[PDB]
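Note sheet for the following structure.
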Amino acid sequence: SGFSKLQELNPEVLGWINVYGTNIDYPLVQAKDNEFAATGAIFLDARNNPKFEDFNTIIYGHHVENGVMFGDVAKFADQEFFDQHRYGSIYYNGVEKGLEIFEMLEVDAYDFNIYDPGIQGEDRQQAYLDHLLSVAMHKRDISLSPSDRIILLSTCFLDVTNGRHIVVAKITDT
(Lines of atoms letter the chains of each structure in order from A and count residues from 1; the text may use other names and numbers.)
(Lines give C-alpha, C1' and ligand atoms only; values in the text may rest on other atoms or scores of the structure.)
Protein backbone atom coordinates (compact mmCIF):
# COMPACT_ATOMS: atom_id res chain seq x y z
CA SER A 1 0.00 0.00 0.00
CA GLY A 2 1.37 3.55 0.21
CA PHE A 3 1.14 6.30 3.02
CA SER A 4 -0.16 9.81 3.29
CA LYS A 5 3.24 10.20 4.98
CA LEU A 6 5.36 8.51 2.32
CA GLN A 7 3.97 11.04 -0.13
CA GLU A 8 4.90 13.88 2.24
CA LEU A 9 8.54 12.78 2.13
CA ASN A 10 8.28 11.76 -1.53
CA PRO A 11 5.59 13.79 -3.40
CA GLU A 12 6.67 12.39 -6.77
CA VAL A 13 5.47 8.95 -5.65
CA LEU A 14 1.97 8.41 -7.04
CA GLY A 15 1.61 4.78 -6.02
CA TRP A 16 3.17 1.39 -5.41
CA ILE A 17 3.23 -2.02 -7.12
CA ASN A 18 3.83 -5.49 -5.68
CA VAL A 19 3.91 -8.98 -7.19
CA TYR A 20 3.78 -11.62 -4.45
CA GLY A 21 6.83 -13.81 -3.86
CA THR A 22 8.95 -11.66 -6.21
CA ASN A 23 11.32 -8.67 -6.08
CA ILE A 24 8.71 -6.58 -7.89
CA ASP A 25 8.14 -4.12 -5.12
CA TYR A 26 8.44 -0.59 -6.33
CA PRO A 27 7.13 2.97 -6.00
CA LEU A 28 5.34 4.24 -9.09
CA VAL A 29 6.39 7.59 -10.52
CA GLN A 30 5.58 9.60 -13.69
CA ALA A 31 7.77 12.13 -15.47
CA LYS A 32 7.22 14.49 -18.37
CA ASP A 33 9.02 13.53 -21.63
CA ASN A 34 10.08 9.84 -21.23
CA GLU A 35 15.68 9.60 -4.78
CA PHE A 36 15.53 5.96 -5.88
CA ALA A 37 19.06 4.57 -6.34
CA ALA A 38 18.00 2.16 -3.62
CA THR A 39 14.61 0.49 -4.01
CA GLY A 40 14.30 1.49 -7.67
CA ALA A 41 11.32 3.17 -9.34
CA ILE A 42 8.81 2.38 -12.10
CA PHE A 43 7.67 5.10 -14.54
CA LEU A 44 4.20 5.44 -16.06
CA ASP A 45 4.26 6.38 -19.73
CA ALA A 46 3.94 10.19 -19.88
CA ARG A 47 0.87 9.81 -22.14
CA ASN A 48 -1.09 7.71 -19.61
CA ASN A 49 -3.52 9.01 -16.98
CA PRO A 50 -1.71 8.92 -13.60
CA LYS A 51 -4.79 7.51 -11.82
CA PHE A 52 -4.91 4.37 -14.00
CA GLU A 53 -8.17 5.43 -15.68
CA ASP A 54 -6.94 4.41 -19.13
CA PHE A 55 -7.66 1.01 -20.66
CA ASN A 56 -3.99 0.14 -21.07
CA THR A 57 -1.32 1.69 -18.84
CA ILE A 58 2.32 1.09 -19.68
CA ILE A 59 4.92 1.24 -16.91
CA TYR A 60 8.69 1.06 -17.36
CA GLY A 61 11.61 -0.26 -15.33
CA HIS A 62 14.90 1.09 -16.69
CA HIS A 63 17.93 -1.13 -16.13
CA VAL A 64 20.92 0.87 -14.87
CA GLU A 65 24.54 -0.35 -15.24
CA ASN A 66 25.30 -1.25 -11.60
CA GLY A 67 22.29 0.11 -9.71
CA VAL A 68 18.79 -1.36 -9.56
CA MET A 69 17.57 -3.92 -12.08
CA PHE A 70 14.30 -5.69 -12.69
CA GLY A 71 15.58 -9.22 -12.92
CA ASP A 72 12.34 -10.85 -11.75
CA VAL A 73 10.45 -9.60 -14.80
CA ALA A 74 12.52 -11.79 -17.15
CA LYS A 75 11.93 -14.79 -14.85
CA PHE A 76 8.34 -14.88 -16.09
CA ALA A 77 9.78 -16.35 -19.31
CA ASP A 78 10.03 -19.62 -17.34
CA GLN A 79 6.86 -21.75 -17.45
CA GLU A 80 6.96 -22.69 -13.76
CA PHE A 81 7.73 -19.22 -12.43
CA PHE A 82 4.96 -17.84 -14.65
CA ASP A 83 2.46 -20.46 -13.47
CA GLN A 84 3.23 -19.80 -9.82
CA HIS A 85 3.30 -16.03 -9.71
CA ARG A 86 -0.19 -14.97 -10.60
CA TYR A 87 -1.21 -12.30 -8.11
CA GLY A 88 -0.04 -8.95 -6.81
CA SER A 89 -1.41 -5.62 -5.65
CA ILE A 90 -1.19 -2.02 -6.69
CA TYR A 91 -1.80 1.15 -4.74
CA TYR A 92 -2.78 4.39 -6.50
CA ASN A 93 -4.91 7.48 -5.87
CA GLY A 94 -5.43 6.56 -2.24
CA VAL A 95 -6.80 3.09 -3.02
CA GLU A 96 -5.50 -0.50 -3.04
CA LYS A 97 -6.44 -2.88 -5.88
CA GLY A 98 -5.41 -6.44 -6.70
CA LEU A 99 -3.41 -7.46 -9.76
CA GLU A 100 -3.82 -10.68 -11.71
CA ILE A 101 -1.06 -11.44 -14.22
CA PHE A 102 -2.34 -13.03 -17.46
CA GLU A 103 0.52 -12.72 -19.94
CA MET A 104 4.27 -12.54 -20.50
CA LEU A 105 5.75 -11.60 -23.83
CA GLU A 106 9.03 -10.58 -25.40
CA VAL A 107 9.07 -7.86 -28.07
CA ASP A 108 11.31 -5.35 -29.76
CA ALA A 109 11.42 -1.91 -28.13
CA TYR A 110 10.11 -0.18 -31.25
CA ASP A 111 7.04 -2.43 -31.54
CA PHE A 112 4.37 0.27 -31.59
CA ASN A 113 1.65 -2.39 -31.91
CA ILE A 114 2.31 -3.00 -28.20
CA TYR A 115 3.65 0.31 -26.91
CA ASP A 116 0.54 2.39 -27.74
CA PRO A 117 -0.75 3.53 -24.35
CA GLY A 118 -4.22 4.86 -23.59
CA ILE A 119 -6.19 3.28 -26.42
CA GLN A 120 -9.87 4.31 -26.61
CA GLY A 121 -12.96 2.75 -28.14
CA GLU A 122 -14.39 -0.71 -27.49
CA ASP A 123 -13.68 -2.51 -30.77
CA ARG A 124 -10.26 -0.82 -30.96
CA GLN A 125 -9.36 -1.89 -27.42
CA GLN A 126 -10.51 -5.39 -28.34
CA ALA A 127 -8.18 -5.46 -31.37
CA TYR A 128 -5.25 -4.30 -29.22
CA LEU A 129 -6.07 -7.07 -26.74
CA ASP A 130 -6.46 -9.70 -29.46
CA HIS A 131 -3.02 -8.94 -30.90
CA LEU A 132 -1.35 -8.66 -27.49
CA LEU A 133 -2.58 -12.16 -26.62
CA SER A 134 -1.60 -13.62 -30.01
CA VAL A 135 2.10 -12.83 -29.49
CA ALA A 136 2.22 -14.09 -25.89
CA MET A 137 5.15 -16.26 -24.79
CA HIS A 138 3.03 -17.41 -21.84
CA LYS A 139 -0.58 -16.55 -21.02
CA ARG A 140 -3.47 -17.75 -18.89
CA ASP A 141 -7.13 -17.60 -19.86
CA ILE A 142 -8.95 -14.99 -17.75
CA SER A 143 -12.03 -12.78 -18.17
CA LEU A 144 -10.91 -9.86 -20.35
CA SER A 145 -12.88 -7.04 -21.95
CA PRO A 146 -12.41 -3.41 -22.95
CA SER A 147 -14.38 -2.57 -19.82
CA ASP A 148 -11.49 -3.80 -17.61
CA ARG A 149 -8.16 -2.03 -17.10
CA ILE A 150 -4.74 -3.54 -17.70
CA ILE A 151 -1.11 -2.74 -17.01
CA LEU A 152 1.97 -3.54 -19.10
CA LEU A 153 5.14 -3.72 -17.05
CA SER A 154 8.12 -3.50 -19.37
CA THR A 155 11.86 -3.88 -18.80
CA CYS A 156 15.18 -4.35 -20.60
CA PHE A 157 16.04 -7.66 -22.31
CA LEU A 158 19.84 -7.96 -21.98
CA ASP A 159 20.31 -10.97 -24.37
CA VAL A 160 18.91 -8.69 -27.01
CA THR A 161 19.62 -5.49 -28.73
CA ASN A 162 16.58 -3.46 -28.24
CA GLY A 163 14.73 -6.41 -26.75
CA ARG A 164 12.24 -5.93 -23.93
CA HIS A 165 10.39 -8.15 -21.43
CA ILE A 166 6.74 -7.48 -20.54
CA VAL A 167 4.30 -8.93 -18.01
CA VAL A 168 0.66 -7.92 -18.37
CA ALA A 169 -1.83 -7.77 -15.52
CA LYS A 170 -5.53 -7.05 -15.10
CA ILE A 171 -6.52 -4.64 -12.36
CA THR A 172 -9.06 -6.31 -10.06
CA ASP A 173 -11.10 -5.60 -6.94
CA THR A 174 -9.61 -7.02 -3.71
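Take the sequence shown: its position 168, counted from the start at 1, is 191 in this note's numbering, and no numbers get skipped. Think of the CB as a built atom: it goes at the ideal place given N, C-alpha and C, for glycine as much as any other residue.
In this chain, the alpha helix (DSSP H) harbouring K98 covers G94 to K98.
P50 is classed as buried because its beta carbon has at least 16 other beta carbons within 10 Å across all chains shown. In this structure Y43 does not touch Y115 by the C-beta definition: roughly 18 Å separates them, more than the 8 Å allowed.
Shown here for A61: same chain residues with a beta carbon closer than 8 Å to its own, the five before and five after excluded, namely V91 in chain order. For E35, there is no enclosing alpha helix (DSSP H), as DSSP marks it with neither H nor E. Residue pairing of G186 in beta bridges, as defined by DSSP: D131 and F180. Counting C-beta atoms within 10 angstroms of its own C-beta, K28 has fewer than 16 neighbours from the protein chains shown and is therefore classed as exposed.
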